[PDB]
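This document opens with one chain alone, in structure tokens, the form deposited in one PDB entry.
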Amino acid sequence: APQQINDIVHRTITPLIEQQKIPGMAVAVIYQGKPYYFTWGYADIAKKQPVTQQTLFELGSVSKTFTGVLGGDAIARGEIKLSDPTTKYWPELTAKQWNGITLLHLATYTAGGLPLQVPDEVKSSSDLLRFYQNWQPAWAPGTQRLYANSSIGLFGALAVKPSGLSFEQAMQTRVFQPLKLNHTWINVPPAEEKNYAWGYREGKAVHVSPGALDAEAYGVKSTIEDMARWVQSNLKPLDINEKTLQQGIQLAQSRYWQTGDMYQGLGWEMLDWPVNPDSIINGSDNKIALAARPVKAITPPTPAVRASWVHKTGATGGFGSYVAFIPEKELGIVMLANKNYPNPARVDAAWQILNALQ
């Protein structure tokens, strides 16, 4: 690692870990296309098992980037269109409020106020239908962006229906394996249990629990090395040999809606580079990130702009993650931690590091 990398990383992350009391953390910085790795702390406190290159973390909502890209792949395959009504793939959703709600809306949180979370009481596919059939929008389709598991989650589950494959098998066969993410799982197999960090919420060790649309919204676990490879793949989709995966990646970074200075892709979110740091830092605070905001349609969507800051936050009960990258400058960062700590702290650190290297 060039000194400047070490310099910044240690200066920025160390106090961050101490400030946020983070038990374990892994950081990857992609600099002129190459990854550089840093780990701190314990994956398992009680076991005193260190974080390593092989430790799996719960990505939480960073999983949405996989879901957007898989969806992008399905479009490229000619299997769905984002202009398809949701009812085309779920005909049992017959209540009148669904008419005019398209896959684009679900994927980009503009269906009209689908809720932030699918309620814990929703378990069976029966509950799931009832939940969406009873939901009442707060706004008309395509007018407001309200960040929501239940929106992008539904998108993921429906996007895979023409393939006939489950969501997990589609993700594994169409995205993980081709990008050679061999330590990335929706369901961590036994041979990896020893590498799967615990999360910590107020001192208690926790792992995410089964939830409806969990795999689609928040259920990916991956290592720092596989997450660097995800970033490289999204920095440079042209190096990618699978035609439809290449195209799916590019579509996930198309700009479909603008709210303030951000643009909504499929999973990914984007801003023009150069970016005002206050804007992404402050925008990451849940009082803005979770608020409803008006959207302007970009008709037709703007193709992936290389001069972009492209990013996504995610968290579970016990974990906190952030990924950001700038395709023009071949620069990116991954931050995985096994405590959920405030979004703006992550984004601030990330900006300090990548600003210092740009």
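Heads up: residue numbers just count along the shown sequence, starting at 1. Shifts are known only where both forms have a C-alpha. In this text, the rigid core denotes the largest set of C-alpha atoms whose superposition between the two forms falls within 1.5 Å.
Keep in mind the form deposited with a small molecule bound is missing from the figure; the text below concerns it.
Though the partner is left out of this view, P50 does not reach within 4.5 Å of the small molecule in the entry with it bound, counting heavy atoms only.
Contact check for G41: no non-hydrogen atom falls within 4.5 Å of the small molecule in the entry with it bound. When contacts are judged by a 4.5 Å heavy atom cut-off, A228 counts as touching the small molecule in the entry with it bound. The small molecule is not drawn, but in the entry with it bound it has no heavy atom within 4.5 Å of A324.
In sequence order, 288-290 is the sole run of at least 3 residues present in both forms whose Cα atoms shift by 2 Å or more between this form and the one not shown once the core is superposed.
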